[PDB]
Amino acid sequence: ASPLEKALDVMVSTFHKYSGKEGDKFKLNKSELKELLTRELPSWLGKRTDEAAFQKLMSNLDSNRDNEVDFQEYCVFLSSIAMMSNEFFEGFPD
Amino acid sequence: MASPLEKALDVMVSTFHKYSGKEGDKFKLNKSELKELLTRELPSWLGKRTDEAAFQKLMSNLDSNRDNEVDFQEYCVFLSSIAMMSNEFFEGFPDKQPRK
Amino acid sequence: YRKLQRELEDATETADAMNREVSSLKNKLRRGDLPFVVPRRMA
Ligand SMILES: [Ca+2]
Ligand SMILES: [Ca+2]
Ligand SMILES: [Ca+2]
Ligand SMILES: [Ca+2]
């Protein structure tokens, strides 16, 4: 398996590390998403704790309006982060 | 420090550029670059058609803004779709299915 | 962590459009419309 293939599998495994803790086994509620972000994506936490901003993130990601973040919605979240990392990668040549 | 997921996101970015920067627009994948990325980095995901017509159809459907390139966002739409296939495999198993 | 607030919120303001794009592509793959790629994970 290539690094990219392994990376896609990490996306899947990490989701399920949290999604099965509460309620729907295959979706992230707000608490589960918060844990995932805090523990697995701490490099993306805001400078200050900010519950309002976190609520807005949850709302933004819940595209199908079911009060949960499913796997597809989570892939869109990760893509959005990757797109920012990509802007940094491309945007600052020496 | 970096989590496996943080590292995985960096691999998404680095892999894209390994190929996008070979020719022409250094920040988008042309047909040749996409084909190399797929064949070399996603070989487990290649289907039963390998001909150029089938590849062109894929290119056309990834290239949603019809500029004859696959940009980073278009590439993420594709990777998300692949990850979803893996997730559907994962979720088919019983909850306490053994793993390492 | 970041030096600012709200960057994740900013980056996800158009999540709906991206979900609709992913849904479209996933459906094409699943239905076998793009047989250069598999429709399901396979060994
Ligand atoms: Ca859950
Ligand atoms: Ca949802
Ligand atoms: Ca290029
Ligand atoms: Ca394009």
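Within every chain, numbering begins at 1; the chains are lettered A, B, ... in the order of the sequence lines, protein sequences first and strands thereafter. Values below: all heavy atoms of this structure, side chains included; hydrogens, waters and symmetry mates excluded. One-based numbering, in listed order, for ligands and for the atoms of each.
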Should B:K22 and B:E36 count as an ion pair when the cut-off is N to O under 4.0 Å? yes

Sub-6.0 Å ring centroid separation between B:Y75 and B:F78: no

Mind listing the side-chain donor-acceptor pairs of residues 44-52 of chain A below 3.5 Å, one per line with the distance, residues two or more places apart or on another chain?
residue: A:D50; atom: OD1; partner: A:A53; partner atom: N; Å: 3.1
residue: A:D50; atom: OD2; partner: C:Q5; partner atom: NE2; Å: 3.0
residue: A:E51; atom: OE1; partner: A:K34; partner atom: NZ; Å: 2.7

Does a side chain donor of either B:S44 or A:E5 reach within less than 3.5 Å of an acceptor in the other side chain? yes

Looking only at N, O or S atoms, which one in A:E22 sits nearest to the Ca ion (ligand 1)? O

For A:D24, what is the atom name of its N, O or S atom nearest to the Ca ion (ligand 1)? O

Give every donor-acceptor pair under 3.5 Å between a side-chain atom in residues 92-100 of chain B and any protein atom, sequence neighbours left out.
none

Just grab all the salt bridge (charged side-chain N to carboxylate O under 4.0 Å, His left out) pairs involving residues 64-73 of chain A, residues at least two apart or on different chains. A:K27-A:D66

O (A:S19) to the Ca ion (ligand 1) to OE2 (A:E32), nearest 10°, is 80°

B:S14 side chain to B:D10 main-chain N or O, any donor-acceptor pair under 3.5 Å? yes

Taking 3.0 Å as the cut-off, does A:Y18 contribute an N, O or S atom near the Ca ion (ligand 1), distance below it? no

Audit row: B:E33, B:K26, salt bridge (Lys or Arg N to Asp or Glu O under 4.0 Å) steps and yes/no: CA-CA 10 Å; B:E33 294 163 341; B:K26 301 296 183 295; over 6 Å; no

Run through the protein N/O/S atoms less than 3.0 Å from the Ca ion (ligand 4) and write them out by chain and number. B:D63 OD1, B:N65 OD1, B:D67 OD1, B:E69 O, B:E74 OE1, B:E74 OE2

